[PDB]
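# Examining the three-dimensional arrangement
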Amino acid sequence: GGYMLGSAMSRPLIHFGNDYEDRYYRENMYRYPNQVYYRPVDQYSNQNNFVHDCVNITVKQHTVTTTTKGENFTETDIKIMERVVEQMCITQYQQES
Ligand SMILES: [Cl-]
Ligand code: NA
């Protein structure tokens, strides 16, 4: 290690196109991260590359933390989590940049 953290934030409002995912995010919102892990922004020249890594690193950490407590994510959770983390990673790239 390590990775850099972002500050905890309010989990973002997201209008998912898939209606059932839209409702599922709201019902189960607290299952998802409210902060991101990443490699330093100044190691990237492009938002898209930063966000890709920020998503992979954050989802990895969150899934590992969850599995070792004996909890689980559904396939739906994973789809939503990736979107939520993407948004927070973008916010982190833009703020931090
Ligand atoms: Cl929240
Ligand atoms: Na709930």
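The deposited coordinates derive from X-ray crystallography, with the record listing a resolution of 1.50 Å.

### Some points on helix α3 (residues 75–96)
Here α3 spans 31 Å end to end across 22 residues, near enough to the 32 Å set by a 1.5 Å rise per residue. If you check which residues of α3 are buried, you get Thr76, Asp77, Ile80, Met81, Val84, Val85, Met88, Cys89, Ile90, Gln92 and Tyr93. On its buried side, α3 packs onto β1 (4–5), α1 (19–27), β2 (37–38) and α2 (47–67).

### Focus: the pattern of salt bridges
Taken as a whole, this structure holds 3 salt bridges when the rule is applied. Between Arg31 and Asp77 there is a salt bridge, with its nearest N and O atoms 2.9 Å apart. Pair noted here: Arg31 is in the loop between α1 and β2 and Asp77 is in helix α3, with a separation of 46 residues, a long-range link. With its nearest N and O atoms 3.3 Å apart, the salt bridge here joins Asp53 to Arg39. Taken together, the positions of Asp53 in helix α2 and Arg39 in the loop between β2 and α2 put the pair 14 residues apart, joining distant regions of the chain. Of the residues examined, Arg39 reaches a relative accessible area of 39% and is grouped as partly exposed.

Rules behind the numbers
- Residues numbered from 1 in each chain as written, not as in the entry; some residues may be left out.
- Chains lettered and ligands numbered in written order.
- Heavy atoms only, no water.
- Helix = DSSP H or I, 4+ residues; strand = E, 2+ residues; numbered from the N terminus.
- Expected span 1.5 Å × (residues − 1).
- Buried < 20%, exposed > 50% of the residue type's maximum accessible area, 1.4 Å probe, protein only.
- Contact = heavy atoms within 4.5 Å.
- Salt bridge = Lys/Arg side-chain N within 4 Å of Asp/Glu carboxyl O.

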